[PDB]
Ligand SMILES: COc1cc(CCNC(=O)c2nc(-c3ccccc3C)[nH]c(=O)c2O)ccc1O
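A lone chain, given as structure tokens: the form deposited without the ligand.
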């Protein structure tokens, strides 16, 4: 019965909390035990949804938040209709306007560090990467940040707020030092 678990449930929206619970159980993880991961999973969902909401009405397909199987089905349809290359790991969105997949990251360290780790991992000459930290930095492939400034600013604002809420509950250091 952790403080972090109760904190997450009052910080994030109930739909986000339930998608995060569903995602963690799919990969065999327990949200009551791995409560830092529970927070991170919610955070990442939220960001990905605020991101898709920047931009014009039909711009993004949302991959993140779906069941694994359906997410891959949607990736294949997209691959099979734009001719874009099939990613090896599930990305988070597809950008119909620039014809590319996007991998959104959210990190409690240097973006430099998390970007390289993502780059190396997916090795998809194609897929765009976009990282945000909890201290306001972002880093994106070819310095091309996809959305305009006001929509990314909102996300960075929301991340700093989450950090403050954690810190004022004394949960921030345990969260920071378990990434």
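Numbering follows the first chain given and starts at 1.
Form deposited with the ligand bound: not shown, discussed below.
Remark: residue 171 does not count among the residues lining the ligand in the bound PDB entry, judged by a heavy atom distance of 4.5 Å or less. Although the partner is absent here, residue 114 sits close enough that one of its heavy atoms falls within 4.5 Å of the ligand in the bound PDB entry. Remark: residue 139 does not count among the residues lining the ligand in the bound PDB entry, judged by a heavy atom distance of 4.5 Å or less. Within this chain, residue 152 is remote from the site of the ligand in the bound PDB entry, having no heavy atom within 4.5 Å. Contacts between 22-38 and the ligand, taken as any heavy atom within 4.5 Å in the bound PDB entry, involve 23, 24, 27, 29, 37.
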